[PDB]
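Pasting final_5.cif here (mmCIF, C-alpha atoms and all ligand atoms; chains and numbers go by the auth columns):
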data_model
loop_
_atom_site.group_PDB
_atom_site.id
_atom_site.type_symbol
_atom_site.label_atom_id
_atom_site.label_comp_id
_atom_site.label_asym_id
_atom_site.label_seq_id
_atom_site.Cartn_x
_atom_site.Cartn_y
_atom_site.Cartn_z
_atom_site.B_iso_or_equiv
_atom_site.auth_seq_id
_atom_site.auth_asym_id
ATOM 1 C CA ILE A 1 -6.653 -3.797 0.267 0.00 1 A
ATOM 2 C CA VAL A 2 -4.759 -7.084 -0.211 0.00 2 A
ATOM 3 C CA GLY A 3 -2.638 -8.347 2.692 0.00 3 A
ATOM 4 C CA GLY A 4 -3.814 -5.681 5.115 0.00 4 A
ATOM 5 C CA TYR A 5 -5.614 -5.782 8.418 0.00 5 A
ATOM 6 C CA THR A 6 -9.006 -4.740 9.807 0.00 6 A
ATOM 7 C CA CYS A 7 -8.491 -1.044 10.821 0.00 7 A
ATOM 8 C CA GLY A 8 -11.050 -1.055 13.610 0.00 8 A
ATOM 9 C CA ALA A 9 -14.278 0.955 13.552 0.00 9 A
ATOM 10 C CA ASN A 10 -13.737 4.704 13.054 0.00 10 A
ATOM 11 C CA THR A 11 -9.996 4.551 13.575 0.00 11 A
ATOM 12 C CA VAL A 12 -9.476 6.270 10.148 0.00 12 A
ATOM 13 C CA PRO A 13 -11.862 9.170 10.730 0.00 13 A
ATOM 14 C CA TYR A 14 -11.086 11.037 7.526 0.00 14 A
ATOM 15 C CA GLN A 15 -11.897 8.000 5.307 0.00 15 A
ATOM 16 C CA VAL A 16 -15.090 8.394 3.349 0.00 16 A
ATOM 17 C CA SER A 17 -17.002 6.059 1.030 0.00 17 A
ATOM 18 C CA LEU A 18 -18.426 7.482 -2.236 0.00 18 A
ATOM 19 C CA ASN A 19 -21.788 5.849 -2.903 0.00 19 A
ATOM 20 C CA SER A 20 -23.927 5.934 -6.059 0.00 20 A
ATOM 21 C CA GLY A 21 -26.298 3.187 -4.869 0.00 21 A
ATOM 22 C CA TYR A 22 -23.235 1.145 -3.902 0.00 22 A
ATOM 23 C CA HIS A 23 -19.693 1.894 -2.723 0.00 23 A
ATOM 24 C CA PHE A 24 -17.415 2.646 -5.655 0.00 24 A
ATOM 25 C CA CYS A 25 -14.503 4.807 -4.387 0.00 25 A
ATOM 26 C CA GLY A 26 -12.799 6.122 -1.349 0.00 26 A
ATOM 27 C CA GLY A 27 -12.070 9.722 -0.461 0.00 27 A
ATOM 28 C CA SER A 28 -10.555 11.869 2.276 0.00 28 A
ATOM 29 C CA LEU A 29 -12.322 14.547 4.326 0.00 29 A
ATOM 30 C CA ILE A 30 -10.100 17.647 4.311 0.00 30 A
ATOM 31 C CA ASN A 31 -12.459 20.049 6.050 0.00 31 A
ATOM 32 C CA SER A 32 -16.084 20.039 7.142 0.00 32 A
ATOM 33 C CA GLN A 33 -17.360 20.631 3.609 0.00 33 A
ATOM 34 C CA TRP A 34 -14.781 19.159 1.221 0.00 34 A
ATOM 35 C CA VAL A 35 -13.533 15.760 0.227 0.00 35 A
ATOM 36 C CA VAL A 36 -10.455 14.878 -1.931 0.00 36 A
ATOM 37 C CA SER A 37 -10.729 11.832 -4.187 0.00 37 A
ATOM 38 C CA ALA A 38 -9.393 10.600 -7.538 0.00 38 A
ATOM 39 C CA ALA A 39 -10.590 12.271 -10.767 0.00 39 A
ATOM 40 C CA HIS A 40 -11.343 8.776 -12.163 0.00 40 A
ATOM 41 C CA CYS A 41 -13.985 8.542 -9.381 0.00 41 A
ATOM 42 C CA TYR A 42 -16.045 11.298 -10.983 0.00 42 A
ATOM 43 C CA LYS A 43 -19.702 10.558 -11.541 0.00 43 A
ATOM 44 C CA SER A 44 -23.095 12.175 -11.086 0.00 44 A
ATOM 45 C CA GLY A 45 -25.279 11.454 -8.032 0.00 45 A
ATOM 46 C CA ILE A 46 -22.580 10.888 -5.432 0.00 46 A
ATOM 47 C CA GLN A 47 -23.532 10.576 -1.781 0.00 47 A
ATOM 48 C CA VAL A 48 -20.532 10.947 0.551 0.00 48 A
ATOM 49 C CA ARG A 49 -20.640 8.566 3.500 0.00 49 A
ATOM 50 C CA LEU A 50 -18.621 9.619 6.520 0.00 50 A
ATOM 51 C CA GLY A 51 -18.071 7.777 9.799 0.00 51 A
ATOM 52 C CA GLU A 52 -18.337 4.385 8.145 0.00 52 A
ATOM 53 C CA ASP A 53 -16.944 1.054 9.233 0.00 53 A
ATOM 54 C CA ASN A 54 -19.220 -1.668 7.854 0.00 54 A
ATOM 55 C CA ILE A 55 -20.551 -0.106 4.635 0.00 55 A
ATOM 56 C CA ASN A 56 -23.514 -2.519 4.577 0.00 56 A
ATOM 57 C CA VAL A 57 -24.785 -1.843 8.132 0.00 57 A
ATOM 58 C CA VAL A 58 -25.902 1.391 9.825 0.00 58 A
ATOM 59 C CA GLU A 59 -23.805 1.253 13.024 0.00 59 A
ATOM 60 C CA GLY A 60 -24.494 4.705 14.505 0.00 60 A
ATOM 61 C CA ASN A 61 -21.620 7.058 13.612 0.00 61 A
ATOM 62 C CA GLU A 62 -22.381 7.640 9.940 0.00 62 A
ATOM 63 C CA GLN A 63 -23.146 10.929 8.260 0.00 63 A
ATOM 64 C CA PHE A 64 -24.593 10.659 4.726 0.00 64 A
ATOM 65 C CA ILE A 65 -24.309 13.920 2.754 0.00 65 A
ATOM 66 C CA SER A 66 -24.923 14.455 -0.945 0.00 66 A
ATOM 67 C CA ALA A 67 -22.250 16.106 -3.105 0.00 67 A
ATOM 68 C CA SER A 68 -23.310 19.573 -4.289 0.00 68 A
ATOM 69 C CA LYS A 69 -20.386 20.035 -6.687 0.00 69 A
ATOM 70 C CA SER A 70 -17.539 17.992 -8.066 0.00 70 A
ATOM 71 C CA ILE A 71 -14.387 19.645 -9.462 0.00 71 A
ATOM 72 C CA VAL A 72 -12.066 17.435 -11.463 0.00 72 A
ATOM 73 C CA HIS A 73 -8.522 18.806 -11.821 0.00 73 A
ATOM 74 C CA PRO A 74 -8.375 20.985 -14.958 0.00 74 A
ATOM 75 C CA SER A 75 -5.439 18.952 -16.339 0.00 75 A
ATOM 76 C CA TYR A 76 -6.673 15.444 -15.528 0.00 76 A
ATOM 77 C CA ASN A 77 -5.874 13.042 -18.379 0.00 77 A
ATOM 78 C CA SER A 78 -7.895 9.804 -18.136 0.00 78 A
ATOM 79 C CA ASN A 79 -5.587 7.953 -20.560 0.00 79 A
ATOM 80 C CA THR A 80 -2.385 8.543 -18.533 0.00 80 A
ATOM 81 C CA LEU A 81 -3.984 9.233 -15.135 0.00 81 A
ATOM 82 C CA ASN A 82 -1.826 12.332 -14.824 0.00 82 A
ATOM 83 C CA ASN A 83 -3.419 14.806 -12.338 0.00 83 A
ATOM 84 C CA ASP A 84 -5.790 12.169 -10.974 0.00 84 A
ATOM 85 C CA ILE A 85 -7.435 14.313 -8.319 0.00 85 A
ATOM 86 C CA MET A 86 -10.840 15.815 -7.716 0.00 86 A
ATOM 87 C CA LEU A 87 -12.596 17.836 -5.073 0.00 87 A
ATOM 88 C CA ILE A 88 -16.137 17.192 -3.881 0.00 88 A
ATOM 89 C CA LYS A 89 -18.101 19.866 -2.009 0.00 89 A
ATOM 90 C CA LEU A 90 -20.698 18.541 0.453 0.00 90 A
ATOM 91 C CA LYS A 91 -24.287 19.917 0.389 0.00 91 A
ATOM 92 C CA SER A 92 -23.924 20.584 4.131 0.00 92 A
ATOM 93 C CA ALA A 93 -21.005 20.683 6.561 0.00 93 A
ATOM 94 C CA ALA A 94 -20.160 17.432 8.269 0.00 94 A
ATOM 95 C CA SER A 95 -20.347 17.452 12.066 0.00 95 A
ATOM 96 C CA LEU A 96 -16.736 16.900 13.131 0.00 96 A
ATOM 97 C CA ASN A 97 -15.951 14.697 16.128 0.00 97 A
ATOM 98 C CA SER A 98 -13.397 11.977 17.104 0.00 98 A
ATOM 99 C CA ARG A 99 -14.876 9.532 14.548 0.00 99 A
ATOM 100 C CA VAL A 100 -15.460 11.987 11.660 0.00 100 A
ATOM 101 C CA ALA A 101 -12.452 14.254 11.310 0.00 101 A
ATOM 102 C CA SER A 102 -10.504 15.996 8.612 0.00 102 A
ATOM 103 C CA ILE A 103 -6.969 15.111 7.504 0.00 103 A
ATOM 104 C CA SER A 104 -4.343 17.822 7.106 0.00 104 A
ATOM 105 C CA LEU A 105 -2.897 18.649 3.708 0.00 105 A
ATOM 106 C CA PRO A 106 0.911 18.324 3.406 0.00 106 A
ATOM 107 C CA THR A 107 2.820 21.665 3.685 0.00 107 A
ATOM 108 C CA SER A 108 6.037 19.242 2.309 0.00 108 A
ATOM 109 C CA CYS A 109 6.308 16.283 0.008 0.00 109 A
ATOM 110 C CA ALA A 110 7.042 12.934 1.683 0.00 110 A
ATOM 111 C CA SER A 111 10.248 11.163 0.946 0.00 111 A
ATOM 112 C CA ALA A 112 11.182 7.295 -0.328 0.00 112 A
ATOM 113 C CA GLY A 113 11.071 5.254 2.828 0.00 113 A
ATOM 114 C CA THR A 114 8.350 7.212 4.668 0.00 114 A
ATOM 115 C CA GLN A 115 5.809 4.848 6.216 0.00 115 A
ATOM 116 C CA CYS A 116 2.166 5.491 5.344 0.00 116 A
ATOM 117 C CA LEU A 117 -1.297 4.179 6.045 0.00 117 A
ATOM 118 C CA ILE A 118 -3.490 3.198 3.052 0.00 118 A
ATOM 119 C CA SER A 119 -7.108 2.287 3.660 0.00 119 A
ATOM 120 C CA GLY A 120 -10.249 1.252 1.835 0.00 120 A
ATOM 121 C CA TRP A 121 -13.082 -1.126 1.127 0.00 121 A
ATOM 122 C CA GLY A 122 -11.539 -2.606 -2.022 0.00 122 A
ATOM 123 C CA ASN A 123 -10.925 -6.195 -3.051 0.00 123 A
ATOM 124 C CA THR A 124 -8.897 -8.267 -0.555 0.00 124 A
ATOM 125 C CA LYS A 125 -7.713 -10.912 -3.073 0.00 125 A
ATOM 126 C CA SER A 126 -4.980 -10.599 -5.764 0.00 126 A
ATOM 127 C CA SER A 127 -6.489 -13.557 -7.679 0.00 127 A
ATOM 128 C CA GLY A 128 -10.206 -13.894 -7.207 0.00 128 A
ATOM 129 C CA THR A 129 -12.677 -11.457 -5.732 0.00 129 A
ATOM 130 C CA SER A 130 -13.739 -10.712 -2.151 0.00 130 A
ATOM 131 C CA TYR A 131 -15.078 -7.379 -1.035 0.00 131 A
ATOM 132 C CA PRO A 132 -14.945 -6.643 2.645 0.00 132 A
ATOM 133 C CA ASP A 133 -17.686 -4.890 4.461 0.00 133 A
ATOM 134 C CA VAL A 134 -15.362 -3.305 7.066 0.00 134 A
ATOM 135 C CA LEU A 135 -12.521 -0.907 6.484 0.00 135 A
ATOM 136 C CA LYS A 136 -9.103 -2.433 5.734 0.00 136 A
ATOM 137 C CA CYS A 137 -5.729 -0.840 6.362 0.00 137 A
ATOM 138 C CA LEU A 138 -2.178 -1.372 5.126 0.00 138 A
ATOM 139 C CA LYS A 139 1.054 0.131 6.370 0.00 139 A
ATOM 140 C CA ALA A 140 3.383 0.624 3.410 0.00 140 A
ATOM 141 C CA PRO A 141 6.487 2.638 2.558 0.00 141 A
ATOM 142 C CA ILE A 142 6.868 5.165 -0.214 0.00 142 A
ATOM 143 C CA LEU A 143 9.186 3.763 -2.880 0.00 143 A
ATOM 144 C CA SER A 144 11.979 5.657 -4.606 0.00 144 A
ATOM 145 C CA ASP A 145 11.071 7.461 -7.824 0.00 145 A
ATOM 146 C CA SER A 146 13.735 5.345 -9.591 0.00 146 A
ATOM 147 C CA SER A 147 12.176 2.016 -8.458 0.00 147 A
ATOM 148 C CA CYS A 148 8.698 3.376 -9.379 0.00 148 A
ATOM 149 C CA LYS A 149 9.892 4.312 -12.902 0.00 149 A
ATOM 150 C CA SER A 150 11.691 0.972 -13.337 0.00 150 A
ATOM 151 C CA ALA A 151 8.465 -0.870 -12.358 0.00 151 A
ATOM 152 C CA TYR A 152 6.333 1.181 -14.806 0.00 152 A
ATOM 153 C CA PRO A 153 8.564 2.454 -17.608 0.00 153 A
ATOM 154 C CA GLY A 154 7.207 5.488 -19.438 0.00 154 A
ATOM 155 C CA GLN A 155 4.184 5.883 -17.128 0.00 155 A
ATOM 156 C CA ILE A 156 5.206 7.620 -13.896 0.00 156 A
ATOM 157 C CA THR A 157 4.844 11.397 -14.035 0.00 157 A
ATOM 158 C CA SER A 158 6.095 13.963 -11.515 0.00 158 A
ATOM 159 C CA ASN A 159 2.544 13.874 -10.059 0.00 159 A
ATOM 160 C CA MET A 160 2.735 10.200 -9.072 0.00 160 A
ATOM 161 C CA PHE A 161 4.560 8.031 -6.565 0.00 161 A
ATOM 162 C CA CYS A 162 4.693 4.299 -5.841 0.00 162 A
ATOM 163 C CA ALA A 163 4.186 2.808 -2.424 0.00 163 A
ATOM 164 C CA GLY A 164 4.121 -0.738 -1.298 0.00 164 A
ATOM 165 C CA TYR A 165 6.262 -3.823 -1.666 0.00 165 A
ATOM 166 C CA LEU A 166 8.122 -4.900 -4.779 0.00 166 A
ATOM 167 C CA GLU A 167 7.929 -8.524 -3.537 0.00 167 A
ATOM 168 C CA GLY A 168 4.117 -8.226 -3.775 0.00 168 A
ATOM 169 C CA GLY A 169 1.458 -9.652 -1.474 0.00 169 A
ATOM 170 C CA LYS A 170 0.421 -6.312 0.107 0.00 170 A
ATOM 171 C CA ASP A 171 -1.252 -3.544 -1.933 0.00 171 A
ATOM 172 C CA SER A 172 -4.341 -1.424 -2.504 0.00 172 A
ATOM 173 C CA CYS A 173 -6.836 -2.915 -5.028 0.00 173 A
ATOM 174 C CA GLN A 174 -10.113 -2.417 -7.005 0.00 174 A
ATOM 175 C CA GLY A 175 -12.516 -0.350 -4.896 0.00 175 A
ATOM 176 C CA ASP A 176 -9.769 1.404 -2.883 0.00 176 A
ATOM 177 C CA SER A 177 -9.116 4.093 -5.448 0.00 177 A
ATOM 178 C CA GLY A 178 -9.747 7.663 -4.459 0.00 178 A
ATOM 179 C CA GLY A 179 -8.830 6.762 -0.855 0.00 179 A
ATOM 180 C CA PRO A 180 -6.112 8.144 1.370 0.00 180 A
ATOM 181 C CA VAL A 181 -2.388 7.513 1.754 0.00 181 A
ATOM 182 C CA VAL A 182 -1.529 9.230 5.062 0.00 182 A
ATOM 183 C CA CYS A 183 2.025 9.730 6.345 0.00 183 A
ATOM 184 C CA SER A 184 2.716 11.345 9.732 0.00 184 A
ATOM 185 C CA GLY A 185 -0.837 12.750 9.881 0.00 185 A
ATOM 186 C CA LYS A 186 -0.791 14.329 6.394 0.00 186 A
ATOM 187 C CA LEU A 187 -2.598 13.303 3.245 0.00 187 A
ATOM 188 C CA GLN A 188 0.307 12.551 0.912 0.00 188 A
ATOM 189 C CA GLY A 189 -1.399 10.387 -1.664 0.00 189 A
ATOM 190 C CA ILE A 190 -4.595 9.309 -3.348 0.00 190 A
ATOM 191 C CA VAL A 191 -5.004 5.649 -4.418 0.00 191 A
ATOM 192 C CA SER A 192 -4.864 5.902 -8.208 0.00 192 A
ATOM 193 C CA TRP A 193 -3.799 2.859 -10.291 0.00 193 A
ATOM 194 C CA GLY A 194 -1.542 -0.129 -10.785 0.00 194 A
ATOM 195 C CA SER A 195 -1.081 -3.266 -12.884 0.00 195 A
ATOM 196 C CA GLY A 196 -3.317 -5.765 -11.066 0.00 196 A
ATOM 197 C CA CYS A 197 -2.920 -5.973 -7.265 0.00 197 A
ATOM 198 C CA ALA A 198 -0.150 -7.218 -5.016 0.00 198 A
ATOM 199 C CA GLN A 199 1.878 -8.673 -7.903 0.00 199 A
ATOM 200 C CA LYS A 200 5.687 -8.782 -7.852 0.00 200 A
ATOM 201 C CA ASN A 201 7.337 -5.591 -9.219 0.00 201 A
ATOM 202 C CA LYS A 202 3.953 -3.912 -9.677 0.00 202 A
ATOM 203 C CA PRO A 203 3.365 -1.655 -6.644 0.00 203 A
ATOM 204 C CA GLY A 204 0.454 0.716 -6.358 0.00 204 A
ATOM 205 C CA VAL A 205 0.669 4.182 -7.949 0.00 205 A
ATOM 206 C CA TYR A 206 -0.658 7.172 -6.061 0.00 206 A
ATOM 207 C CA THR A 207 -1.414 10.792 -6.881 0.00 207 A
ATOM 208 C CA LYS A 208 1.223 13.072 -5.284 0.00 208 A
ATOM 209 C CA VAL A 209 -1.034 15.375 -3.227 0.00 209 A
ATOM 210 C CA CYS A 210 1.725 17.821 -2.247 0.00 210 A
ATOM 211 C CA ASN A 211 1.826 19.008 -5.891 0.00 211 A
ATOM 212 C CA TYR A 212 -1.855 20.074 -5.646 0.00 212 A
ATOM 213 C CA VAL A 213 -2.033 21.917 -2.345 0.00 213 A
ATOM 214 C CA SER A 214 -2.090 25.371 -4.039 0.00 214 A
ATOM 215 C CA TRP A 215 -4.907 24.252 -6.390 0.00 215 A
ATOM 216 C CA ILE A 216 -6.824 22.608 -3.519 0.00 216 A
ATOM 217 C CA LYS A 217 -6.526 25.649 -1.252 0.00 217 A
ATOM 218 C CA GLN A 218 -7.447 28.138 -3.996 0.00 218 A
ATOM 219 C CA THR A 219 -10.380 26.034 -5.138 0.00 219 A
ATOM 220 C CA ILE A 220 -11.857 25.633 -1.667 0.00 220 A
ATOM 221 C CA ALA A 221 -11.214 29.325 -0.833 0.00 221 A
ATOM 222 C CA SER A 222 -13.405 30.268 -3.775 0.00 222 A
ATOM 223 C CA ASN A 223 -16.140 27.534 -4.059 0.00 223 A
HETATM 224 N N1 LIG B . -2.877 -2.275 -6.960 0.00 1 B
HETATM 225 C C1 LIG B . -3.000 -0.852 -7.269 0.00 1 B
HETATM 226 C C2 LIG B . -4.460 -0.468 -7.528 0.00 1 B
HETATM 227 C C3 LIG B . -5.165 0.286 -6.574 0.00 1 B
HETATM 228 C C4 LIG B . -6.509 0.632 -6.827 0.00 1 B
HETATM 229 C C5 LIG B . -7.108 0.281 -8.038 0.00 1 B
HETATM 230 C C6 LIG B . -8.532 0.694 -8.327 0.00 1 B
HETATM 231 O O1 LIG B . -9.320 0.643 -7.379 0.00 1 B
HETATM 232 N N2 LIG B . -8.911 1.158 -9.547 0.00 1 B
HETATM 233 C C7 LIG B . -8.079 1.455 -10.700 0.00 1 B
HETATM 234 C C8 LIG B . -8.760 2.763 -11.160 0.00 1 B
HETATM 235 N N3 LIG B . -8.422 3.165 -12.506 0.00 1 B
HETATM 236 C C9 LIG B . -9.073 3.991 -13.311 0.00 1 B
HETATM 237 C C10 LIG B . -8.414 4.029 -14.478 0.00 1 B
HETATM 238 C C11 LIG B . -8.688 4.795 -15.753 0.00 1 B
HETATM 239 C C12 LIG B . -10.062 4.557 -16.418 0.00 1 B
HETATM 240 C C13 LIG B . -9.728 5.933 -15.802 0.00 1 B
HETATM 241 N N4 LIG B . -7.278 3.180 -14.384 0.00 1 B
HETATM 242 N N5 LIG B . -7.341 2.692 -13.141 0.00 1 B
HETATM 243 C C14 LIG B . -10.236 2.350 -11.048 0.00 1 B
HETATM 244 C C15 LIG B . -10.270 1.600 -9.698 0.00 1 B
HETATM 245 C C16 LIG B . -11.280 0.489 -9.788 0.00 1 B
HETATM 246 O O2 LIG B . -11.174 -0.429 -10.600 0.00 1 B
HETATM 247 N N6 LIG B . -12.308 0.641 -8.936 0.00 1 B
HETATM 248 C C17 LIG B . -13.513 -0.182 -9.007 0.00 1 B
HETATM 249 C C18 LIG B . -14.630 0.906 -9.098 0.00 1 B
HETATM 250 C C19 LIG B . -14.397 1.951 -10.211 0.00 1 B
HETATM 251 C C20 LIG B . -14.466 3.305 -9.852 0.00 1 B
HETATM 252 C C21 LIG B . -14.211 4.315 -10.774 0.00 1 B
HETATM 253 C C22 LIG B . -13.854 3.975 -12.077 0.00 1 B
HETATM 254 C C23 LIG B . -13.699 2.631 -12.449 0.00 1 B
HETATM 255 C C24 LIG B . -14.003 1.626 -11.517 0.00 1 B
HETATM 256 C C25 LIG B . -16.050 0.318 -9.150 0.00 1 B
HETATM 257 C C26 LIG B . -16.809 0.337 -10.329 0.00 1 B
HETATM 258 C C27 LIG B . -18.115 -0.175 -10.332 0.00 1 B
HETATM 259 C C28 LIG B . -18.658 -0.704 -9.153 0.00 1 B
HETATM 260 C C29 LIG B . -17.912 -0.724 -7.971 0.00 1 B
HETATM 261 C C30 LIG B . -16.616 -0.181 -7.971 0.00 1 B
HETATM 262 C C31 LIG B . -6.389 -0.471 -8.994 0.00 1 B
HETATM 263 C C32 LIG B . -5.065 -0.860 -8.731 0.00 1 B
HETATM 264 CA CA CA B . -22.144 1.656 8.179 0.00 2 B
#
Transcribe the structure of this file into structure tokens.
Ligand SMILES: NCc1ccc(C(=O)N2C[C@@H](n3cc(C4CC4)nn3)C[C@H]2C(=O)NCC(c2ccccc2)c2ccccc2)cc1
Ligand SMILES: [Ca+2]
Amino acid sequence: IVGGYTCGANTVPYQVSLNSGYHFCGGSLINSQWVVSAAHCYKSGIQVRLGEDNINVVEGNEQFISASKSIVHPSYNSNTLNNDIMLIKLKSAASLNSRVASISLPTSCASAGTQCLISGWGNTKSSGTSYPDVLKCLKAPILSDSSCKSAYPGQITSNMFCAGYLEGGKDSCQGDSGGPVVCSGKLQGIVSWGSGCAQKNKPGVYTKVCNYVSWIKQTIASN
């Protein structure tokens, strides 16, 4: 997250860290046994880390649970990033409490202008590289589909939305992908892609979660 703020320990209780020996992606806990992340975060040997603040220090509220199964969306296209969503089933149910909690799925899609919270452990610089140890947060509005398409001609599908600031300076960045975009207590987006970070006219692009609620619910109900 570039131009954000320190969230505060365990204030984003649905945020998880995907670890394969090191943090590589965010995710969102949607029930005691399932996490939503980006399909581009797929890899073997994922350990889901819940209740994290400083990802380099064991602080006392963590739960580390291996993934038993990963399900990438059947229509994910890694060249276009269309349908950039995946489900991860935990080997065991997380113990839910105030600091490790699920996030509700949207019923309804969120409009341009809706304010959201984006969080992650990604790079905090737009030029240069600095990876924080603690969770960073950014409040950002959903942008109109027309401004999103004008920023990225020929690349925004009906399964994507932009959020952020066209003036730049505040955005998600490398290491934040797979993480949550929450609006009014609902998971509306997944950090997906963008052209660099925090650059003018290049806002972040997010997977539109509301389009996947039927697939998420059916997949969990069966797996
Ligand atoms: N400003 C918007 C914006 C927001 C988020 C991103 C972003 O995070 N992004 C952009 C993401 N992404 C993936 C792709 C297509 C190839 C499929 N295009 N864009 C990838 C992630 C990143 O770079 N994360 C660093 C992370 C990694 C995880 C999965 C795949 C690739 C890289 C990594 C790798 C190795 C070690 C540690 C971490 C990029 C831009
Ligand atoms: Ca920790």
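Picked by the PyMOL selection byres (((chain A and resi 125-142) around 6) and not hetatm) from the coordinates shown: residues 2, 4, 5, 6, 7, 53, 54, 55, 112, 113, 114, 115, 116, 117, 118, 119, 120, 121, 123, 124, 143, 163, 164, 197 and 198 of chain A.
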- Hey, what's within 12 Å of residue 110 (chain A) if we count only C-alpha atoms and toss same-chain stuff fewer than 5 positions away? As a count of residues only, please? 25
- Distance of atom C20 of ligand LIG 1 (chain B) from CA of residue 109 (chain A), expressed in Å to one decimal place: 26.4 Å
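For the structure shown here, the set of residues caught by the PyMOL selection byres (((not hetatm)) within 7 of (chain B and resi 1)) is residues 22, 23, 24, 25, 40, 41, 78, 79, 81, 122, 171, 172, 173, 174, 175, 176, 177, 191, 192, 193, 194, 195, 196, 197, 198, 203, 204 and 205 of chain A.
Once the PyMOL selection byres (((not hetatm)) within 8 of (chain B and resi 2)) is applied to the shown structure, the selection contains residues 51, 52, 53, 54, 55, 56, 57, 58, 59, 60, 61 and 62 of chain A.
With distances restricted to all atoms listed in the file, A:36 is the closest residue to residue 84 (chain A) from A:148, A:1, A:50, A:36.
CA of residue 220 (chain A) to CA of residue 32 (chain A) spans 11.3 Å [interatomic distance, one decimal].
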- Item | 6 Å contact set for residue 166 (chain A), all atoms listed in the file, chain neighbours under 2 positions out, as a ChimeraX atom specification | /A:168,200-201
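Across the structure, CA of residue 38 (chain A) and CA of residue 179 (chain A) are spaced 7.7 Å apart.
In this comparison, which uses all atoms listed in the file, the residue of A:206, A:165, A:64, A:152 approaching residue 48 (chain A) most closely is A:64.
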- Please identify all polymer residues within 9 Å of residue 157 (chain A), counting all atoms listed in the file, omitting same-chain residues fewer than 4 positions from it, and present them as a PyMOL selection string. chain A and resi 80+82+149+161
Could the residues in this selection be saved with C-alpha atoms as a PDB file, in the frame of the given file?
ATOM      1  CA  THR A  80      -2.385   8.543 -18.533  1.00  0.00           C
ATOM      2  CA  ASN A  82      -1.826  12.332 -14.824  1.00  0.00           C
ATOM      3  CA  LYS A 149       9.892   4.312 -12.902  1.00  0.00           C
ATOM      4  CA  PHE A 161       4.560   8.031  -6.565  1.00  0.00           C
TER       5      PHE A 161
END
